[PDB]
Amino acid sequence: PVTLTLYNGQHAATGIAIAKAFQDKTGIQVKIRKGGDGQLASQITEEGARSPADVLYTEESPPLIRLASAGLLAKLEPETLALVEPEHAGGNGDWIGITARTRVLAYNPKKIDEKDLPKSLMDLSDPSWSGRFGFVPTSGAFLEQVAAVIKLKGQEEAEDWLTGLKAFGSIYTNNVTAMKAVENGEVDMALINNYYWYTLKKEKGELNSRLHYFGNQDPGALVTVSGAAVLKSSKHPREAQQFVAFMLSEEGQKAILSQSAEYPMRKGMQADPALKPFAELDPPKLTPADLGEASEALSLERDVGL
Ligand SMILES: [Fe+3]
C-alpha cells in the first residue's frame, strides 16, 4: 500500500517505463509528476520539507548538483553508489548517474555532405553557417554545452561563440522539433542529443538524416549525465532508495534503454551496439562536477538573449 511519488524530468515514456518495471518487481505504486529538470528542481526548492516527491529523475546533472548543494538530497546507499564509476555520481554521494547522453550534429546528407560539416562546434559562430543549423537554447543539455565552451575556451570566446549562434542559428523550442526539421528538409543540420534520432527512426522506420559526432575532445563532443536522487524529506526512505537502486539494476537499465537510446551508467553494462560506441565518443575532459550548476552558462544565455 506504499505509493512513491517520482518527479520525472526525463522524457515521459522513459519515466513511465522504469516506474512500471519497478511496480512489476516490488508491488510499490509510483505516481509520476512529469516536468522539466529545472522546473521540477525549482518546485522541490519551494516545497522544501513539504514536498511529496520521494525520488527525482533528471535528464541532466546541474539540477541535481544544485539540489545537493542545498542539502535537499539524501545520501544514497553504498551498494547503490557501488554500481557506477564515482565521477558519474555526486561528490557527496547524494545523487547518482543513471544513463549518459551525448551531443551530436544531426544533418541531412541530401543538403550537406559529411566532409562539409563544421569541423568543430566552435565553427558554428562563423557567418557561413547562417541559416544552415538549428539549436535549442532552452535545452538542458544545450546549457551544459555552453558551460563546457566556457570551461574549455574561456568566457570571452564563449560569449563570441554564443553571440554567433544568436546571429546565425535557427531557434527550435525543443530537440524533437529540431530533429524533425532536419529530417523534413527544413534545416540542413541541428545540435541535439544522440537519442532523438533513434526515437524518430523507430517511429518512421527509416530516416534521411544522419548523425555526426565531433569527437576529438571537441567542446561539441560533450557527454552529459541523466541522474536520480532520493529526497531527504521522503517519508518512504527505504522504498525510495530501492527505486534508485532498481534504476541501476540490469533489468532497470534495460527498461530505461528500451525507451531511450542512451549509455548505461551501471558498471560493466554495454549500450545497444547500434549506438556509436561510447569509447569512440572521445568527449572533452569534463565531468558532471566540472559542469556544476552551469550558473555562468545560464547568465551568458540571458545576457545574449537566448
Ligand atoms: Fe531530452
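Placing pseudo-labels 7 Å out from each Cα toward the beta carbon at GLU250 and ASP282 gives an inter-label distance of 3.3 nm. In this simple spin-label approximation, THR173 and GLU46 carry label points 7 Å from Cα along the Cα→Cβ vector, and these lie 2.2 nm apart. Taking 19 Å as the straight-line reach from the Cα of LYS180, the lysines in range (excluding those fewer than 8 positions away in the same chain) are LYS110, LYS111, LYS201, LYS202, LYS204. The relative contact order of segment 185-306, computed from alpha carbon pairs under 8 Å that lie at least 6 residues apart in sequence, is 30 percent. Across segment 105-116, coupling constants 3J(HN,Hα) worked out from phi with the 6.51/-1.76/1.60 Karplus curve, θ = phi - 60°, read 10, 6, 8, 9, x, 5, 10, 8, 5, 4, 5, 9 Hz, and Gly and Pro carry x. Remark: the chain carries a charge dipole of roughly 900 debye about the Cα centre, counting +1 on each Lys and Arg Cβ and -1 on each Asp and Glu Cβ. Here's how it looks for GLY91: its modeled amide H is under 5 Å from none belonging to a residue 5 or more places away or on a different chain.
Each residue of segment 162-169 is assigned a 3J(HN,Hα), and the resulting list reads 6, 4, x, 4, 4, 7, 10, x Hz, derived from the Karplus form 6.51 cos²θ - 1.76 cosθ + 1.60 (θ = phi - 60°), x at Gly and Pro. In the chain, the calculated helix contribution to ellipticity at 222 nm averages -11500 deg cm²/dmol per residue, counting -39,500 (n - 2.57) for every DSSP H run with n ≥ 4.
Amide H contacts of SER170: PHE133, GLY134, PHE135, each under 5 Å away and 5 or more positions distant or on a separate chain (H built 1.01 Å from N in the peptide plane; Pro and chain starts excluded). Applying 1/(1 + (r/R0)^6) with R0 = 25 Å to the Cβ-Cβ distance of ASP126 and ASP303 gives a FRET efficiency near 0.75. Rounded to the nearest Hz, the phi-derived 3J(HN,Hα) couplings of segment 129-142 under the Karplus curve 6.51 cos²θ - 1.76 cosθ + 1.60 (θ = phi - 60°) are 8, 4, x, 9, 9, x, 8, 10, x, 7, 6, x, 6, 5, where x marks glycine and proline. Taking the chain as a Gaussian network of alpha-carbon nodes connected by springs under 10 Å, the highest mean-square fluctuation of the residues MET265, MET179, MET122 belongs to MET122. Between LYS254, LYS31, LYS204, the residue with the greatest mean-square fluctuation in the GNM of the chain (Cα pairs under 10 Å linked by springs) is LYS204. Once a ≥ b ≥ c are taken as the square roots of the eigenvalues of the Cα gyration tensor of segment 83-146, is the result rounded (a/c under 1.5), prolate (a/b larger than b/c) or oblate (a/b not larger than b/c)? Note, shape of segment 83-146 comes out prolate.
Residues whose amide H comes within less than 5 Å of that of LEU73, counting only those at least five positions distant or on another chain, are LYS232 (H built at 1.01 Å from N in the peptide plane). Between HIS212 and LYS115, the contour length at 0.36 nm per residue exceeds the alpha carbon distance by 33.9 nm.
Only the coordinates and a few stated rules stand behind these numbers; no lab work does. Methodologically, a virtual Cβ is constructed for each residue, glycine included, from the backbone with ideal geometry; neighbour enumeration extends over all protein chains shown.
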